[PDB]
Amino acid sequence: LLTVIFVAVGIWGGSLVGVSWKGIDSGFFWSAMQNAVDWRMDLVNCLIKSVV
Amino acid sequence: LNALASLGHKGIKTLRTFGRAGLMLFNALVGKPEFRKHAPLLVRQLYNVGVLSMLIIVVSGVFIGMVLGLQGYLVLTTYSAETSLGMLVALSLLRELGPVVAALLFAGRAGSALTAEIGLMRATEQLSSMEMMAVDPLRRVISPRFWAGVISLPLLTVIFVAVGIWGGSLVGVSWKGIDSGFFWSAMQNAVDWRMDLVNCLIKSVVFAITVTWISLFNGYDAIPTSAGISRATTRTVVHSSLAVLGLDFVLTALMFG
Amino acid sequence: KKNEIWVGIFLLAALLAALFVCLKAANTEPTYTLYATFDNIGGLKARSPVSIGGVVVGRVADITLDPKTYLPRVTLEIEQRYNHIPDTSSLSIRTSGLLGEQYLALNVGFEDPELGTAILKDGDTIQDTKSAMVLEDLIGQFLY
Amino acid sequence: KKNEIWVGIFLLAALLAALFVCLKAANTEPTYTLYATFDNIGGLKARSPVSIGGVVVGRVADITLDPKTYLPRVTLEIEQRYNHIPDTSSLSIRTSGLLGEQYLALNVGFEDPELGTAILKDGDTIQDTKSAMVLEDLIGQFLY
Amino acid sequence: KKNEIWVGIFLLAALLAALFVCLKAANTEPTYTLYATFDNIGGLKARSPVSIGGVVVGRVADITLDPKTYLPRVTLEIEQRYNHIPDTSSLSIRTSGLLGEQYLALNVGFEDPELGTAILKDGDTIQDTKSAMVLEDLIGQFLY
Amino acid sequence: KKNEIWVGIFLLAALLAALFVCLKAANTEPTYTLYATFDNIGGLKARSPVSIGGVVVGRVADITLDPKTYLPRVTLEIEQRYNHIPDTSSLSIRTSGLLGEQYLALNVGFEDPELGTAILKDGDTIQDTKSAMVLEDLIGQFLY
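Chains as they are written, first to last, in the authors' numbering: chain D, 157 to 208; chain A, 3 to 259; chain J, 4 to 30, 36 to 152; chain I, 4 to 30, 36 to 152; chain H, 4 to 30, 36 to 152; chain G, 4 to 30, 36 to 152.
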């Protein structure tokens with residue numbers, strides 16, 4: 157529960173400086189991120205590295 | 003409000019510690035630039051903070067290069083560019099992880115254990131008896147330790163990047179089937195000297211000024227009982243760890259803005 | 004009673020963060041397979057577009073040669089709601105350019121025989137191959 | 004104390020100063041949908057440019073097959089100030105390069121019929137199609 | 004202790020003065041406006057290089073079709089010290105690559121008339137459009 | 004005595020590591041300049057290979073236009089030992105492929121005139137250019 161708060165507030169700050177300040181459309185940024193990562197070997201895989 | 007007066011004590015209190023940090027350090031590096039005494043005195047301190055901190059850097063340095071060479075190998079193959087590995091881990095180490103991770107572990111080993119030796123030396127009143135010896139300890143015991151940091155950590159980074167980049171050249175070249183002459187070749191024309199190579203030092207040498215100062219200050223105003231000193235050690239690790247990332251975000255804005 | 008409050012915020016702050024990262028990173037259907045034996049499959053990997061007329065309706069989740077007859081035995085992923093496709097079918101490999109994916113763009117008619125309409129579903133081996141593109145040798149011989 | 008609230012609100016005013024500078028930095037538009045049946049959209053993904061003569065006028069959203077006639081129905085995103093466009097239009101998919109983005113570049117014309125002009129606003133399904141070019145078939149029949 | 008009350012505020016002043024320098028050079037000169045009517049801007053995005061002889065002289069900051077004549081009206085950003093340019097010019101889009109950026113590289117010469125040298129500043133609408141890069145009509149031309 | 008040795012190991016091991024990053028991981037020649045006024049440099053960035061017959065002999069250390077005559081003046085980077093260049097030369101920009109890198113491939117010979125052999129070193133200006141290499145000719149010569 158310390159990692160899932162870390163990745164979320166980590167990825168929100170990444171969405172600031174690229175989108176807002178360095179002139180990128182907001183709807184385009186999440187769009188490449190939507191089909192980027194899967195659940196089975198990425199999303200639960202973050203927990204397996206963290207819980208061990 | 004009744005609760006806003008509890009903040010009125012803190013807003014004065016937390017600023018007076020900043021006044022103590024400047025006033026201690028300013029007295030530490032002024033007057034009598036003696037070199038006959040300090041030159042054997044300082045070199046014993048580099049055995050404390052340089053040699054004992056050397057082993058943890060290299061055995062962790064091979065693990066970062068082997069991971070980035072492994073994880074980076076998937077991202078290049080999905081974009082079908084083998085040669086980019088040499089200009090990736092060289093790029094990533096020499097400007098991002100080199101100054102940031104080595105300063106973290108230096109705050110880990112040498113950052114904490116320096117603060118323990120200071121507060122213990124006031125706890126048994128070796129400090130308070132040295133004033134009866136009429137020797138000012140801030141030039142005598144602090145400044146041998148303070149220069150022992152800022153000289154060390156640049157030499158702790160250049161050993162880190164080198165053994166880091168050597169392990170990166172193992173798993174990509176040898177194990178994951180890439181020609182050896184091709185790997186260094188993309189790395190040769192990859193990075194320049196003026197805004198990359200000296201730039202690694204600028205990020206590292208400004209970290210050593212903060213971490214050594216933030217460590218040796220917490221030993222100087224800690225509560226000398228055995229409870230307050232270990233509280234001060236875990237206050238040193240958490241305060242340096244914000245200051246390394248509180249500086250690096252600023253120091254990555256100027257170089258790449 | 005101060006400590007019981009902050010943990011309740013923390014597990015909520017853990018839950019608020021968890022739902023946000025899950026919805027952003029994670030944005036399925038039961039199907040049947042259909043066997044297909046070809047003559048050329050070169051350039052087509054797995055999960056390539058399986059399309060009727062041009063719009064993708066399926067996936068190739070097989071990729072494997074039948075190791076007794078040396079006919080390339082390919083099974084597709086046609087959606088389970090497809091129960092009215094007759095036997096009149098022609099399987100053709102298209103590229104959508106000179107290099108798109110060299111995907112599958114098959115053709116199916118509605119031409120009914122005088123012996124009942126046989127259906128293609130749940131493990132049928134459709135037989136009208138393309139003997140697909142020989143594209144390098146096609147460019148080579150025309151260029152002479 | 005007197006030094007408390009005068010400094011604490013000073014840390015609060017600057018907290019809302021840059022936060023108001025955070026939202027005001029980098030500053036969506038109500039539109040209407042336009043349904044479109046096609047023949048080939050392979051390569052045209054979501055949020056691809058819609059352009060009238062080249063200038064981008066909207067985005068391609070909503071991409072899914074109409075699962076009863078198997079003609080690809082896609083609704084577009086056209087702004088509500090577009091209220092004087094006659095029915096005469098061709099719907100072409102261009103690329104602007106050999107592999108640029110495969111964006112929709114539809115044609116318009118002000119050819120007024122003598123039976124009245126039909127307006128294209130708020131859900132007018134178009135019936136005109138490019139049948140987007142298959143470059144495999146272009147060079148293929150060019151050499152036999 | 005009256006010291007970092009004085010000194011430490013300058014230390015946070017020394018970083019913000021260092022911070023204000025670098026972000027200023029991370030995102036500047038009084039210019040004038042020059043309108044331009046085109047027919048087609050395919051990959052011509054905002055902030056594209058407006059170049060004279062290849063050397064960039066301005067940016068595009070206005071990309072809003074004039075919705076009454078349906079010619080793409082684009083206002084350029086030509087600096088205020090550009091006061092010696094005669095009216096003989098041509099407006100063309102090159103790319104610097106097969107797909108580089110699709111940038112405006114407008115040509116200009118000193119072909120002075122015998123009626124007087126017209127100037128281009130503070131809001132002139134040049135009418136010398138190119139209408140060249142479509143790359144789909146040209147591949148359609150040869151096949152015929 | 005045990006600590007005075009181990010510090011010397013620590014200081015020496017940082018010295019071998021210091022060479023390893025600058026000699027193996029990152030690695036030039038004093039030259040003379042040569043002026044060259046062109047007519048089209050669209051696509052040629054600095055440090056592009058300045059070559060004789062294709063073999064590189066220099067790099068571009070000048071992308072600037074002189075702001076008085078509007079002929080792009082580049083100063084070349086030709087090495088000091090090049091001492092027997094006759095003035096007979098032609099200057100042309102090539103590409104090394106369809107889109108390789110837009111490099112300068114200048115022509116030279118040994119064609120001695122009967123008025124001496126004028127040398128080309130230490131800042132001469134060559135009066136030759138090749139403003140034809142554009143991405144607009146091939147779309148105007150394959151079709152007109």
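No residue lacks a Cβ here, since even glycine has one placed at the ideal position from N, Cα and C.
Give me the Cα-Cα distance between residue i and residue j, rounded to the nearest whole angstrom.
i	j	result
J/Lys53	G/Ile71	47 Å
G/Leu106	J/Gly148	20 Å
J/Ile127	D/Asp198	40 Å
I/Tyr152	I/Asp145	10 Å
A/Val193	A/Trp186	12 Å
A/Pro139	H/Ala20	36 Å
I/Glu85	H/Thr133	30 Å
G/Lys5	D/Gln190	59 Å
A/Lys12	H/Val10	19 Å
A/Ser182	A/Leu57	28 Å
A/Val51	I/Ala29	48 Å
A/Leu70	A/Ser176	15 Å
A/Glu127	A/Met134	11 Å
With DSSP run on the structure shown, which of helix, strand or coil describes residue i?
i	result
G/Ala44	strand
A/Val193	coil
I/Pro94	strand
H/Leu14	helix
H/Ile8	coil
I/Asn115	strand
I/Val68	strand
A/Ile153	coil
G/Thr133	strand
I/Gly61	coil
residue 206 of chain J	Outside the displayed span of chain J (4 to 152) sits residue 206 of chain J, for which this structure offers no information.
D/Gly169	helix
G/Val142	coil
J/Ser56	coil
J/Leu123	coil
G/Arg102	strand
J/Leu79	coil
J/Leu73	coil
A/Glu98	helix
A/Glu119	helix
I/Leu84	strand
D/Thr159	coil
On the criterion of 16 or more Cβ atoms from any shown chain inside 10 Å, does residue i qualify as buried, or is it exposed?
i	result
J/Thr125	exposed
H/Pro80	buried
residue 281 of chain A	There is simply no residue 281 of chain A to check, as chain A begins at 3 and stops at 259 in what is shown.
G/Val63	exposed
D/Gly170	exposed
A/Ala224	buried
J/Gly131	exposed
In chain order, what residues of the same chain have a beta carbon less than 8 Å from the beta carbon of residue i, not counting five sequence neighbours either side?
i	result
H/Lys27	none
H/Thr103	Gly51, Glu109, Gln110, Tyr111, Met141
A/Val208	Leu249, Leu253
G/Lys129	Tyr40, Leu42, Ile86, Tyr90, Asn91, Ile93
J/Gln135	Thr45
Tell me which residues share the same chain as residue i and place their Cβ nearer than 7 Å to its Cβ, disregarding the 5 neighbours each side in the sequence.
i	result
A/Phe162	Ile59, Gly63, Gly100, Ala104
I/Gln88	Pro38, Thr39, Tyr40
A/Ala245	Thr212, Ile216
H/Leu18	none
A/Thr238	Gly113, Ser114, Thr117, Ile216, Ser217, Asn220
Round the Cβ separation of residue i and residue j to the nearest angstrom and send it over; I've been treating them as touching at under 8 Å.
i	j	result
H/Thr137	H/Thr77	13 Å between Cβ atoms; not a contact.
H/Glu119	H/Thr96	4 Å
H/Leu114	H/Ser98	7 Å
Here's a check: name, in chain order, each residue in its chain whose Cβ is nearer than 6 Å to the Cβ of residue i, leaving out the five neighbours to either side.
i	result
I/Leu73	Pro80
H/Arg55	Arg67
At a cut-off of 7 Å, is residue i close to the ligand COA when judged by its beta-carbon and the heavy atoms of the ligand?
i	result
A/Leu256	The ligand COA is absent from the structure shown, which contains no ligands of any kind.
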